[PDB]
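Note that these values count all heavy atoms, side chains included, but never hydrogens, waters or copies made by symmetry. Per chain, numbering begins at 1; letters A, B, ... match sequence-line order.
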Amino acid sequence: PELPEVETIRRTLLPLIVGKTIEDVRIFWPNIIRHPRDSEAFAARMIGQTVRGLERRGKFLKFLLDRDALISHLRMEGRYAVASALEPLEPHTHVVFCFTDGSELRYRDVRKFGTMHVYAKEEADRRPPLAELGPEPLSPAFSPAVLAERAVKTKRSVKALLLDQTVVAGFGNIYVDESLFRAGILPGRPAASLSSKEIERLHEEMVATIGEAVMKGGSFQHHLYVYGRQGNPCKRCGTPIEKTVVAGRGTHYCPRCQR
DNA sequence: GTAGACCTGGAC
DNA sequence: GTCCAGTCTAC
Ligand SMILES: [Zn+2]
């Protein structure tokens with residue numbers, strides 16, 4: 001999931017857990033726990049704390065408790081669900097938070113790529129992994145000036161630049177490909193080759209795409225122009241969409257609309 | 001920048 | 001059987 005999907009999770013999960021107190025924490029795949037390194041310490045410190053809020057920073061979810069904050073990244077396939085602690089768990093459930101009212105928050109992740117870090121609230125934003133993140137795209141903090149500053153400094157592809165969470169936080173493979181198509185820019189061109197006009201246009205489309213995706217509850221799949229449409233005609237010019245590899249990942253684009 | 005890592009299951 | 005699907009690492 002990318003920013004739109006994570007934001008949809010944040011909004012829907014909050015009312016299902018706010019106000020509940022943690023009674024136990026069970027871990028079935030220790031590698032997911034990154035800090036504290038010892039999973040026994042990770043579990044023990046959360047017992048007795050109550051959920052007070054849930055925020056999002058980039059692609060991360062930030063569970064706010066009493067003293068601590070739990071920072072969770074779903075990576076490629078992580079997912080959360082709330083259910084009765086009396087029922088059998090679903091396959092691939094690796095971490096479970098048991099509440100005093102008999103319900104529980106379950107974390108599932110088939111590929112086991114997700115991560116979890118716990119810090120005191122005041123230290124969360126000053127320690128990894130949140131410390132080095134770029135600005136939120138839907139905030140005044142993200143502007144053309146900010147994009148140009150990083151752009152006019154590197155020769156790597158513009159797609160590689162957009163996937164860099166230190167530049168701006170929240171974009172993944174789908175929304176980077178969609179934003180570049182809407183702005184009319186080829187994904188493989190050097191970031192330093194973009195003109196000032198191209199930068200302003202890219203910024204504008206990035207904000208519009210991510211904003212619209214949030215409103216639609218994420219993949220919005222019926223509104224995709226290029227992602228996963230290789231071999232199909234472009235919705236704007238009819239030219240077949242193509243797929244290659246850029247920045248080490250699948251890349252979709254229209255050879256006529258993007259230059 | 002270009003494959004491999006970490007891991008598992010679906011489509012061809 | 002073989003290719004495909006968010007970050008970090010080593011040549
Ligand atoms: Zn086109």
- Item | Pairing partner of B:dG10 (Watson-Crick or G-U wobble, both distances under 3.5 Å) | C:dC3
- Message: Is the phosphate of C:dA5 approached by A:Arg249 (side-chain N or O, under 4.0 Å from OP1 or OP2)?
- Response: no
- Take the protein atom CZ of A:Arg75 and the nucleotide atom P of B:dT8, then report the distance between them rounded to whole Å. 16 Å
- Should A:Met116 and A:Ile47 be counted in the same cluster of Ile, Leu, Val, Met, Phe, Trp and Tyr side chains packed under 4.5 Å apart? no
- Query: Of the nucleotides B:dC7, B:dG9, C:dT7, which has the atom closest to the A:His92 side chain?
  - Reply: B:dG9
- Base paired to B:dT2 (Watson-Crick or G-U; both N/O distances under 3.5 angstrom): none
- Message: Categorize A:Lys243 for me: base, sugar-phosphate, or nothing, with a 4.0 angstrom heavy-atom threshold over every strand shown.
- Response: sugar-phosphate
- Query: Just to confirm, is there a sub-4.0 Å distance from OP1 or OP2 of C:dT7 to any side-chain nitrogen or oxygen of A:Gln165?
  - Reply: yes
- Has A:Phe113 got its ring stacked on B:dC6, by the test of a centre gap below 5.5 Å and a plane angle below 30°? yes
- Ion pair check, A:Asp109 and A:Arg111, cut-off under 4.0 Å: no
- Query: Reckon A:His73 has a side-chain N or O less than 4.0 Å from the OP1 or OP2 of C:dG6?
  - Reply: no
- Query: Under 30°, 30 to 60°, or over 60°: which ring-plane class applies to A:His117 and A:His35, parallel, tilted or perpendicular?
  - Reply: parallel
- Message: Measuring only the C1' atom in each nucleotide, how far is B:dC6 from C:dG1? A whole number of Å is fine.
- Response: 22 Å
- Rounded off to whole Å, could you give me the CG-to-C1' distance for the A:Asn173 and C:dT7 pair? 13 Å
- Item | Separation of the P atoms in C:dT7 and B:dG9, to the nearest angstrom | 23 Å
- Query: When you check the side-chain N and O atoms of A:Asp177 and A:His252, is any donor under 3.5 Å from an acceptor?
  - Reply: yes
- Message: Rounding to an integer number of Å, can you tell me how far A:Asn31 CG sits from C:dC8 P?
- Response: 17 Å
- Answer with yes or no whether the side chains of A:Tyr227 and A:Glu178 bring together a donor and an acceptor at under 3.5 Å. no
- Task: Rounded to whole angstrom, note down the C1' distance from C:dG6 over to B:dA11.
- Result: 22 Å
- Task: Using a 4.0 Å heavy-atom cut-off across all strands, classify A:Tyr227 as base, sugar-phosphate, or nothing.
- Result: sugar-phosphate
